[PDB]
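> My structure is in input_32.pdb, and what it holds is PDB, C-alpha atoms and all ligand atoms:
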MODEL        1
ATOM      1  CA  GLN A   3       5.625  30.272 -11.409
ATOM      2  CA  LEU A   4       3.532  30.291  -8.212
ATOM      3  CA  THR A   5       5.351  31.735  -5.177
ATOM      4  CA  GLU A   6       5.568  29.975  -1.808
ATOM      5  CA  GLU A   7       3.122  32.556  -0.383
ATOM      6  CA  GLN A   8       0.537  31.794  -3.082
ATOM      7  CA  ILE A   9       0.842  28.035  -2.590
ATOM      8  CA  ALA A  10       0.433  28.463   1.161
ATOM      9  CA  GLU A  11      -2.616  30.701   0.722
ATOM     10  CA  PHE A  12      -4.216  28.373  -1.795
ATOM     11  CA  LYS A  13      -3.672  25.522   0.692
ATOM     12  CA  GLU A  14      -5.103  27.450   3.668
ATOM     13  CA  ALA A  15      -8.245  28.555   1.827
ATOM     14  CA  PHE A  16      -8.785  25.053   0.438
ATOM     15  CA  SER A  17      -8.377  23.530   3.905
ATOM     16  CA  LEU A  18     -11.044  25.817   5.434
ATOM     17  CA  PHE A  19     -13.533  23.592   3.630
ATOM     18  CA  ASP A  20     -11.789  20.247   4.093
ATOM     19  CA  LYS A  21     -13.782  19.460   7.212
ATOM     20  CA  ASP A  22     -12.308  15.962   7.694
ATOM     21  CA  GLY A  23      -8.769  17.041   6.834
ATOM     22  CA  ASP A  24      -8.134  14.466   4.070
ATOM     23  CA  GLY A  25      -7.161  16.936   1.363
ATOM     24  CA  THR A  26     -10.443  16.857  -0.573
ATOM     25  CA  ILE A  27     -13.446  19.202  -0.765
ATOM     26  CA  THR A  28     -16.762  19.079  -2.655
ATOM     27  CA  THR A  29     -17.192  20.795  -5.993
ATOM     28  CA  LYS A  30     -20.117  22.632  -4.351
ATOM     29  CA  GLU A  31     -17.581  24.377  -2.099
ATOM     30  CA  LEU A  32     -15.128  25.405  -4.815
ATOM     31  CA  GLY A  33     -16.898  28.764  -5.264
ATOM     32  CA  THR A  34     -16.654  29.376  -1.522
ATOM     33  CA  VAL A  35     -12.907  28.593  -1.605
ATOM     34  CA  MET A  36     -12.424  31.095  -4.446
ATOM     35  CA  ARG A  37     -14.357  33.787  -2.590
ATOM     36  CA  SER A  38     -12.256  33.005   0.519
ATOM     37  CA  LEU A  39      -9.279  33.999  -1.604
ATOM     38  CA  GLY A  40     -10.918  37.321  -2.431
ATOM     39  CA  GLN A  41     -11.909  36.306  -5.938
ATOM     40  CA  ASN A  42     -15.354  36.425  -7.500
ATOM     41  CA  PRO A  43     -15.751  33.810 -10.257
ATOM     42  CA  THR A  44     -18.934  33.802 -12.327
ATOM     43  CA  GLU A  45     -21.092  30.671 -12.547
ATOM     44  CA  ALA A  46     -19.632  29.948 -15.999
ATOM     45  CA  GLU A  47     -16.015  30.309 -14.724
ATOM     46  CA  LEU A  48     -16.780  27.932 -11.828
ATOM     47  CA  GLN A  49     -18.270  25.386 -14.186
ATOM     48  CA  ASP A  50     -15.121  25.524 -16.334
ATOM     49  CA  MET A  51     -13.008  25.173 -13.203
ATOM     50  CA  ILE A  52     -15.130  22.217 -12.069
ATOM     51  CA  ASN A  53     -14.649  20.599 -15.452
ATOM     52  CA  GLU A  54     -10.895  20.972 -14.998
ATOM     53  CA  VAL A  55     -10.488  19.721 -11.435
ATOM     54  CA  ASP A  56     -13.240  17.179 -11.182
ATOM     55  CA  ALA A  57     -11.780  15.244 -14.088
ATOM     56  CA  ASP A  58     -13.576  12.011 -12.996
ATOM     57  CA  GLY A  59     -17.078  13.503 -12.376
ATOM     58  CA  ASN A  60     -17.471  12.432  -8.709
ATOM     59  CA  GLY A  61     -18.082  15.886  -7.141
ATOM     60  CA  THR A  62     -14.792  15.717  -5.169
ATOM     61  CA  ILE A  63     -11.770  17.997  -5.708
ATOM     62  CA  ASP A  64      -8.335  17.195  -4.199
ATOM     63  CA  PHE A  65      -5.656  19.798  -3.406
ATOM     64  CA  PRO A  66      -3.090  18.789  -6.063
ATOM     65  CA  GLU A  67      -5.696  19.189  -8.846
ATOM     66  CA  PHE A  68      -6.930  22.486  -7.348
ATOM     67  CA  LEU A  69      -3.392  23.868  -7.160
ATOM     68  CA  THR A  70      -2.403  23.104 -10.756
ATOM     69  CA  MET A  71      -5.664  24.657 -11.921
ATOM     70  CA  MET A  72      -4.874  27.743  -9.852
ATOM     71  CA  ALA A  73      -1.419  27.838 -11.445
ATOM     72  CA  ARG A  74      -2.899  27.782 -14.959
ATOM     73  CA  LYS A  75      -5.335  30.533 -14.000
ATOM     74  CA  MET A  76      -2.479  32.733 -12.763
TER
ATOM     75  CA  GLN B   3     -36.038  -6.801  12.613
ATOM     76  CA  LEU B   4     -33.678  -4.142  14.013
ATOM     77  CA  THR B   5     -35.151  -2.131  16.910
ATOM     78  CA  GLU B   6     -35.164   1.674  17.050
ATOM     79  CA  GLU B   7     -32.476   1.510  19.775
ATOM     80  CA  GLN B   8     -30.177  -0.586  17.568
ATOM     81  CA  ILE B   9     -30.627   1.716  14.574
ATOM     82  CA  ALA B  10     -29.874   4.739  16.747
ATOM     83  CA  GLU B  11     -26.765   3.097  18.209
ATOM     84  CA  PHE B  12     -25.509   1.983  14.818
ATOM     85  CA  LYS B  13     -25.979   5.578  13.609
ATOM     86  CA  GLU B  14     -24.199   7.135  16.614
ATOM     87  CA  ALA B  15     -21.177   4.832  16.399
ATOM     88  CA  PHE B  16     -20.937   5.332  12.634
ATOM     89  CA  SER B  17     -21.119   9.113  13.045
ATOM     90  CA  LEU B  18     -18.218   9.175  15.547
ATOM     91  CA  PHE B  19     -16.010   8.584  12.517
ATOM     92  CA  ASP B  20     -17.874  10.728   9.993
ATOM     93  CA  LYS B  21     -15.660  13.723  10.664
ATOM     94  CA  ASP B  22     -17.262  15.945   7.992
ATOM     95  CA  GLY B  23     -20.803  14.844   8.814
ATOM     96  CA  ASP B  24     -21.804  13.751   5.282
ATOM     97  CA  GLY B  25     -22.882  10.230   6.185
ATOM     98  CA  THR B  26     -19.789   8.424   4.883
ATOM     99  CA  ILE B  27     -16.700   6.945   6.564
ATOM    100  CA  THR B  28     -13.570   5.200   5.245
ATOM    101  CA  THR B  29     -13.345   1.432   5.063
ATOM    102  CA  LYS B  30     -10.200   1.801   7.207
ATOM    103  CA  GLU B  31     -12.439   3.020  10.043
ATOM    104  CA  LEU B  32     -15.064   0.279   9.818
ATOM    105  CA  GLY B  33     -13.172  -1.862  12.359
ATOM    106  CA  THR B  34     -13.060   1.095  14.744
ATOM    107  CA  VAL B  35     -16.835   1.600  14.348
ATOM    108  CA  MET B  36     -17.434  -2.078  15.171
ATOM    109  CA  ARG B  37     -15.214  -1.897  18.247
ATOM    110  CA  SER B  38     -17.075   1.293  19.273
ATOM    111  CA  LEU B  39     -20.171  -0.889  19.354
ATOM    112  CA  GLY B  40     -18.444  -3.333  21.689
ATOM    113  CA  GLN B  41     -17.813  -5.924  19.006
ATOM    114  CA  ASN B  42     -14.515  -7.512  18.046
ATOM    115  CA  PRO B  43     -14.492  -8.631  14.393
ATOM    116  CA  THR B  44     -11.505 -10.584  13.097
ATOM    117  CA  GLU B  45      -9.535  -9.336  10.085
ATOM    118  CA  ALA B  46     -11.322 -11.899   7.895
ATOM    119  CA  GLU B  47     -14.793 -10.789   9.146
ATOM    120  CA  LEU B  48     -13.900  -7.140   8.435
ATOM    121  CA  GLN B  49     -12.751  -8.001   4.942
ATOM    122  CA  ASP B  50     -16.063  -9.774   4.284
ATOM    123  CA  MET B  51     -17.912  -6.777   5.695
ATOM    124  CA  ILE B  52     -15.852  -4.439   3.501
ATOM    125  CA  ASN B  53     -16.705  -6.549   0.483
ATOM    126  CA  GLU B  54     -20.382  -6.151   1.354
ATOM    127  CA  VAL B  55     -20.541  -2.420   2.048
ATOM    128  CA  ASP B  56     -17.910  -1.082  -0.272
ATOM    129  CA  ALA B  57     -19.712  -2.573  -3.247
ATOM    130  CA  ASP B  58     -17.994  -0.117  -5.673
ATOM    131  CA  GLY B  59     -14.381  -0.494  -4.379
ATOM    132  CA  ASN B  60     -13.726   3.197  -3.548
ATOM    133  CA  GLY B  61     -12.808   2.819   0.164
ATOM    134  CA  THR B  62     -15.919   4.780   1.268
ATOM    135  CA  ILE B  63     -18.856   3.338   3.244
ATOM    136  CA  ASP B  64     -22.184   5.217   3.586
ATOM    137  CA  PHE B  65     -24.649   4.753   6.464
ATOM    138  CA  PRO B  66     -27.484   3.076   4.510
ATOM    139  CA  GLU B  67     -25.111   0.331   3.269
ATOM    140  CA  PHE B  68     -23.587  -0.061   6.756
ATOM    141  CA  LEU B  69     -27.021  -0.402   8.355
ATOM    142  CA  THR B  70     -28.356  -3.095   6.017
ATOM    143  CA  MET B  71     -25.134  -5.038   6.512
ATOM    144  CA  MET B  72     -25.584  -4.729  10.271
ATOM    145  CA  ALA B  73     -29.155  -5.984   9.872
ATOM    146  CA  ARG B  74     -27.990  -9.080   7.976
ATOM    147  CA  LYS B  75     -25.345  -9.732  10.621
ATOM    148  CA  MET B  76     -27.968  -9.602  13.383
TER
HETATM  149  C1  LIG C   1     -15.108  16.037  -0.011
HETATM  150 AS1  LIG C   1     -14.832  14.362   0.948
HETATM  151  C2  LIG C   1     -14.075  13.023  -0.272
HETATM  152  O1  LIG C   1     -13.774  14.562   2.317
HETATM  153  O2  LIG C   1     -16.322  13.764   1.497
HETATM  154  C1  LIG C   2     -15.140   9.081   4.043
HETATM  155 AS1  LIG C   2     -15.417  10.755   3.083
HETATM  156  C2  LIG C   2     -16.343  10.398   1.390
HETATM  157  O1  LIG C   2     -16.341  11.898   4.018
HETATM  158  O2  LIG C   2     -13.917  11.453   2.703
HETATM  159 MG    MG C   3     -13.123  14.188  -8.533
HETATM  160 MG    MG C   4     -17.947   2.701  -1.561
HETATM  161 NA    NA C   5     -12.348  16.359   2.987
HETATM  162 NA    NA C   6     -17.610  11.663   6.029
HETATM  163 ZN    ZN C   7     -13.198  13.050   3.331
HETATM  164 ZN    ZN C   8      -6.570  13.961  -7.909
HETATM  165 ZN    ZN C   9     -16.901  13.555   3.253
HETATM  166 ZN    ZN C  10     -24.425   3.686  -0.885
ENDMDL
END
The structure in this file should be written as structure tokens.
Ligand SMILES: C[As](C)(=O)[O-]
Ligand SMILES: C[As](C)(=O)[O-]
Ligand SMILES: [Mg+2]
Ligand SMILES: [Mg+2]
Ligand code: NA
Ligand code: NA
Ligand SMILES: [Zn+2]
Ligand SMILES: [Zn+2]
Ligand SMILES: [Zn+2]
Ligand SMILES: [Zn+2]


Amino acid sequence: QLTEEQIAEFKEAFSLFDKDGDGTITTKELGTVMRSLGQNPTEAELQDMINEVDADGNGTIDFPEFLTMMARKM
Amino acid sequence: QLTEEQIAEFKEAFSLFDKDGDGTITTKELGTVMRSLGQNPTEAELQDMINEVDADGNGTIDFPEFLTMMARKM
């Protein structure tokens, strides 16, 4: 199970790139979010993550989908 | 034909509500954009405008679609 601290940190990093504050970011910024968390995903790993969280193909990731993906990863 | 001044003013008003600067706003803010231009559309007029510019139903209006709608209106 994710801890409160992890959820908070996932949220904070995500929100750094949510410039309009509506809880969504671009798939192009997912790598930046991950590196903001101190991680270093490969291009392949990011593509697999993008396939998971951008379920509908529109290039937009919302926080709830990001978080559950992060939970699976951990 | 729209003048340069009108295009510039349409762009500036639109961009007031493009908080992440990617050239799109929400349909919920279209009325605010119109009032920023000194206009006062009715609810019916806004709904007709929303039908025009949010052609795909996703609640997101981009500048090119806004501008051509504004051109038709004028
Ligand atoms: C990433 As978005 C839906 O706030 O343009
Ligand atoms: C109105 As938008 C696509 O920048 O969230
Ligand atoms: Mg998506
Ligand atoms: Mg749309
Ligand atoms: Na956003
Ligand atoms: Na925007
Ligand atoms: Zn947004
Ligand atoms: Zn979602
Ligand atoms: Zn945006
Ligand atoms: Zn468009």

> What are the centre and edge lengths in Å, to one decimal, of the axis-aligned box around all listed atoms of ligand LIG 2 (chain C) with 3 Å added on each side, as AutoDock Vina command-line options?


--center_x -15.1 --center_y 10.5 --center_z 2.7 --size_x 8.4 --size_y 8.8 --size_z 8.7

> Return as a PDB file with C-alpha atoms, in the coordinates of the input the residues belonging to chain B that are within 10 Å of chain A, counting all atoms listed in the file.


ATOM      1  CA  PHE B  19     -16.010   8.584  12.517  1.00  0.00           C
ATOM      2  CA  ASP B  20     -17.874  10.728   9.993  1.00  0.00           C
ATOM      3  CA  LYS B  21     -15.660  13.723  10.664  1.00  0.00           C
ATOM      4  CA  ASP B  22     -17.262  15.945   7.992  1.00  0.00           C
ATOM      5  CA  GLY B  23     -20.803  14.844   8.814  1.00  0.00           C
TER       6      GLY B  23
END

> Please build the interface table for chain B against ligand LIG 1 (chain C) with a cut-off of 12 Å, listing for each qualifying residue the nearest atom pair and the distance in Å to one decimal; count all atoms listed in the file, order rows by chain and increasing number, and write it as JSON lines.


{"residue": "B:20", "atom": "CA", "partner": "C:LIG1", "partner_atom": "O2", "distance": 9.2}
{"residue": "B:21", "atom": "CA", "partner": "C:LIG1", "partner_atom": "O1", "distance": 8.6}
{"residue": "B:22", "atom": "CA", "partner": "C:LIG1", "partner_atom": "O1", "distance": 6.8}
{"residue": "B:23", "atom": "CA", "partner": "C:LIG1", "partner_atom": "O2", "distance": 8.6}
{"residue": "B:24", "atom": "CA", "partner": "C:LIG1", "partner_atom": "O2", "distance": 6.7}
{"residue": "B:25", "atom": "CA", "partner": "C:LIG1", "partner_atom": "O2", "distance": 8.8}
{"residue": "B:26", "atom": "CA", "partner": "C:LIG1", "partner_atom": "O2", "distance": 7.2}
{"residue": "B:27", "atom": "CA", "partner": "C:LIG1", "partner_atom": "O2", "distance": 8.5}
{"residue": "B:28", "atom": "CA", "partner": "C:LIG1", "partner_atom": "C2", "distance": 9.6}
{"residue": "B:60", "atom": "CA", "partner": "C:LIG1", "partner_atom": "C2", "distance": 10.4}
{"residue": "B:61", "atom": "CA", "partner": "C:LIG1", "partner_atom": "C2", "distance": 10.3}
{"residue": "B:62", "atom": "CA", "partner": "C:LIG1", "partner_atom": "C2", "distance": 8.6}
{"residue": "B:63", "atom": "CA", "partner": "C:LIG1", "partner_atom": "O2", "distance": 10.9}
{"residue": "B:64", "atom": "CA", "partner": "C:LIG1", "partner_atom": "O2", "distance": 10.6}

> Residue 48 of chain A: which residues within 12 Å, counting all atoms listed in the file, same-chain residues fewer than 6 positions away excluded, as a list in words?

residues 29, 30, 31, 32, 33, 34, 35, 36, 37, 41, 42, 54, 55, 56, 71 and 75 of chain A

> Where does chain A end up after superposition onto chain B over all in-order Cα pairs? Give it as a tab-separated table (two decimals) with C-alpha atoms, keeping the file's coordinate frame.


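Once written, result.tsv looks like this:
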chain	number	residue	atom	x	y	z
A	3	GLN	CA	-36.04	-6.80	12.61
A	4	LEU	CA	-33.68	-4.14	14.01
A	5	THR	CA	-35.15	-2.13	16.91
A	6	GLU	CA	-35.16	1.67	17.05
A	7	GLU	CA	-32.48	1.51	19.77
A	8	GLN	CA	-30.18	-0.59	17.57
A	9	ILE	CA	-30.63	1.72	14.57
A	10	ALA	CA	-29.87	4.74	16.75
A	11	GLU	CA	-26.76	3.10	18.21
A	12	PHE	CA	-25.51	1.98	14.82
A	13	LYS	CA	-25.98	5.58	13.61
A	14	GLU	CA	-24.20	7.13	16.61
A	15	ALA	CA	-21.18	4.83	16.40
A	16	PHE	CA	-20.94	5.33	12.63
A	17	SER	CA	-21.12	9.11	13.05
A	18	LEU	CA	-18.22	9.17	15.55
A	19	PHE	CA	-16.01	8.58	12.52
A	20	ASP	CA	-17.87	10.73	9.99
A	21	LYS	CA	-15.66	13.72	10.66
A	22	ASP	CA	-17.26	15.95	7.99
A	23	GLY	CA	-20.80	14.84	8.81
A	24	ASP	CA	-21.80	13.75	5.28
A	25	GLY	CA	-22.88	10.23	6.18
A	26	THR	CA	-19.79	8.42	4.88
A	27	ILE	CA	-16.70	6.95	6.56
A	28	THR	CA	-13.57	5.20	5.24
A	29	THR	CA	-13.35	1.43	5.06
A	30	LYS	CA	-10.20	1.80	7.21
A	31	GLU	CA	-12.44	3.02	10.04
A	32	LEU	CA	-15.06	0.28	9.82
A	33	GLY	CA	-13.17	-1.86	12.36
A	34	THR	CA	-13.06	1.10	14.74
A	35	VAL	CA	-16.83	1.60	14.35
A	36	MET	CA	-17.43	-2.08	15.17
A	37	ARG	CA	-15.21	-1.90	18.25
A	38	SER	CA	-17.07	1.29	19.27
A	39	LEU	CA	-20.17	-0.89	19.35
A	40	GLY	CA	-18.44	-3.33	21.69
A	41	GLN	CA	-17.81	-5.92	19.01
A	42	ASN	CA	-14.52	-7.51	18.05
A	43	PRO	CA	-14.49	-8.63	14.39
A	44	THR	CA	-11.50	-10.58	13.10
A	45	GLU	CA	-9.53	-9.34	10.09
A	46	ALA	CA	-11.32	-11.90	7.90
A	47	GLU	CA	-14.79	-10.79	9.15
A	48	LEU	CA	-13.90	-7.14	8.43
A	49	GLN	CA	-12.75	-8.00	4.94
A	50	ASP	CA	-16.06	-9.77	4.28
A	51	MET	CA	-17.91	-6.78	5.69
A	52	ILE	CA	-15.85	-4.44	3.50
A	53	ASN	CA	-16.71	-6.55	0.48
A	54	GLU	CA	-20.38	-6.15	1.35
A	55	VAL	CA	-20.54	-2.42	2.05
A	56	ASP	CA	-17.91	-1.08	-0.27
A	57	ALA	CA	-19.71	-2.57	-3.25
A	58	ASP	CA	-17.99	-0.12	-5.67
A	59	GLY	CA	-14.38	-0.49	-4.38
A	60	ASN	CA	-13.73	3.20	-3.55
A	61	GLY	CA	-12.81	2.82	0.16
A	62	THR	CA	-15.92	4.78	1.27
A	63	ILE	CA	-18.86	3.34	3.24
A	64	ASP	CA	-22.18	5.22	3.59
A	65	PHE	CA	-24.65	4.75	6.46
A	66	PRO	CA	-27.48	3.08	4.51
A	67	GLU	CA	-25.11	0.33	3.27
A	68	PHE	CA	-23.59	-0.06	6.76
A	69	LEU	CA	-27.02	-0.40	8.35
A	70	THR	CA	-28.36	-3.10	6.02
A	71	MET	CA	-25.13	-5.04	6.51
A	72	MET	CA	-25.58	-4.73	10.27
A	73	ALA	CA	-29.16	-5.98	9.87
A	74	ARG	CA	-27.99	-9.08	7.98
A	75	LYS	CA	-25.34	-9.73	10.62
A	76	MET	CA	-27.97	-9.60	13.38

> Between atom CA of residue 10 of chain A and atom ZN of ligand ZN 8 (chain C), what is the distance in Å, rounded to a tenth?

18.5 Å

> So what do you get for atom ZN of ligand ZN 8 (chain C) versus atom CA of residue 66 of chain A, distance-wise?

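One can read the atom ZN of ligand ZN 8 (chain C) to atom CA of residue 66 of chain A distance as 6.2 Å.
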
> Please, could N, CA, C and O atoms be added to segment 6-22 of chain A and the result written as a compact mmCIF listing (two decimals), in the frame of the given file?


# COMPACT_ATOMS: atom_id res chain seq x y z
N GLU A 6 5.86 30.68 -3.04
CA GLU A 6 5.57 29.98 -1.81
C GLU A 6 4.34 30.55 -1.09
O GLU A 6 3.51 29.81 -0.58
N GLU A 7 4.25 31.88 -1.05
CA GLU A 7 3.12 32.56 -0.38
C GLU A 7 1.79 32.16 -1.03
O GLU A 7 0.83 31.83 -0.33
N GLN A 8 1.75 32.18 -2.36
CA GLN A 8 0.54 31.79 -3.08
C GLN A 8 0.16 30.35 -2.82
O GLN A 8 -1.00 30.05 -2.57
N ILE A 9 1.14 29.44 -2.86
CA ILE A 9 0.84 28.04 -2.59
C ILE A 9 0.26 27.87 -1.19
O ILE A 9 -0.72 27.14 -0.98
N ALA A 10 0.86 28.57 -0.23
CA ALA A 10 0.43 28.46 1.16
C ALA A 10 -1.00 28.96 1.33
O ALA A 10 -1.82 28.35 2.04
N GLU A 11 -1.28 30.09 0.67
CA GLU A 11 -2.62 30.70 0.72
C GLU A 11 -3.67 29.87 0.01
O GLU A 11 -4.78 29.69 0.53
N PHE A 12 -3.32 29.32 -1.15
CA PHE A 12 -4.22 28.37 -1.80
C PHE A 12 -4.52 27.18 -0.87
O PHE A 12 -5.68 26.73 -0.78
N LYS A 13 -3.50 26.69 -0.17
CA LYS A 13 -3.67 25.52 0.69
C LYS A 13 -4.59 25.86 1.87
O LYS A 13 -5.49 25.08 2.20
N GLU A 14 -4.35 27.01 2.48
CA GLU A 14 -5.10 27.45 3.67
C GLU A 14 -6.56 27.66 3.37
O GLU A 14 -7.41 27.20 4.12
N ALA A 15 -6.86 28.34 2.25
CA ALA A 15 -8.24 28.56 1.83
C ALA A 15 -8.93 27.24 1.51
O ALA A 15 -10.03 26.98 1.99
N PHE A 16 -8.27 26.38 0.73
CA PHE A 16 -8.78 25.05 0.44
C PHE A 16 -9.13 24.31 1.74
O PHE A 16 -10.21 23.72 1.87
N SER A 17 -8.22 24.33 2.71
CA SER A 17 -8.38 23.53 3.90
C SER A 17 -9.49 24.01 4.83
O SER A 17 -10.03 23.22 5.60
N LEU A 18 -9.87 25.29 4.72
CA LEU A 18 -11.04 25.82 5.43
C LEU A 18 -12.28 24.99 5.18
O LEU A 18 -13.17 24.94 6.02
N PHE A 19 -12.34 24.34 4.02
CA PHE A 19 -13.53 23.59 3.63
C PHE A 19 -13.33 22.08 3.56
O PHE A 19 -14.23 21.34 3.20
N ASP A 20 -12.15 21.65 3.98
CA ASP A 20 -11.79 20.25 4.09
C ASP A 20 -12.06 19.84 5.54
O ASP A 20 -11.13 19.69 6.35
N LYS A 21 -13.35 19.64 5.83
CA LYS A 21 -13.78 19.46 7.21
C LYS A 21 -13.21 18.21 7.89
O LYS A 21 -13.02 18.20 9.10
N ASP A 22 -12.91 17.17 7.11
CA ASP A 22 -12.31 15.96 7.69
C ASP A 22 -10.80 15.89 7.53
O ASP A 22 -10.18 14.88 7.87
